[PDB]
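Colleague:
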Amino acid sequence: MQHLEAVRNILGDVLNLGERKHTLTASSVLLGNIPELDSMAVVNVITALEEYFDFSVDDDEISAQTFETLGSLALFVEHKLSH
Numbered sequence: 083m084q085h086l087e088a089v090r091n092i093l094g095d096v097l098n099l100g101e102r103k104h105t106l107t108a109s110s111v112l113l114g115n116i117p118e119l120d121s122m123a124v125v126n127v128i129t130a131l132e133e134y135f136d137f138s139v140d141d142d143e144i145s146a147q148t149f150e151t152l153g154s155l156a157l158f159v160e161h162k163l164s165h
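Quick note on the numbering used here: the sequence shown kicks off at 83 and runs consecutively.
(1) By DSSP, does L113 sit in helix, in strand, or in coil?
(2) Mapping DSSP to helix, strand and coil, what is residue 47?
(3) Going by the DSSP bridge assignment, what does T151 pair with across the sheet?
(4) Would you mind giving the Cβ-Cβ distance between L93 and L112, rounded to the nearest angstrom? I have them listed as a contact below 8 Å.
(5) Give the secondary structure of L163 by DSSP, where H, G and I count as helix, E and B as strand, and everything else as coil.
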């Protein structure tokens, strides 16, 4: 993936992993693996994705299953800007 880097950078800022964002890969988990990935915190990272990639993820494709792994976010945003 391309965008996995900028996604983990975003979550490493918002959820404040700092360096821990940079030791996890695409096939690595976010929801459950990150202790900071919580209720208003998922809202916050979605908003941040919209900002940096200058797009909007559709409501009917944003799920808990979207934040399962870094590769999931990377794939979704790479489908958006391509389609």
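Where is the CB? At the ideal position from N, CA and C, for every residue including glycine.
Modeller: The short version:
(1) Secondary structure of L113 (DSSP, three-state): strand.
(2) Past the boundaries of the shown model lies residue 47; the chain is included only from 83 to 165, so the question cannot be answered.
(3) Partner(s): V111.
(4) Contact flag correct, Cβ pair sits at about 7 Å.
(5) The three-state secondary structure of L163, taken from DSSP, is coil.
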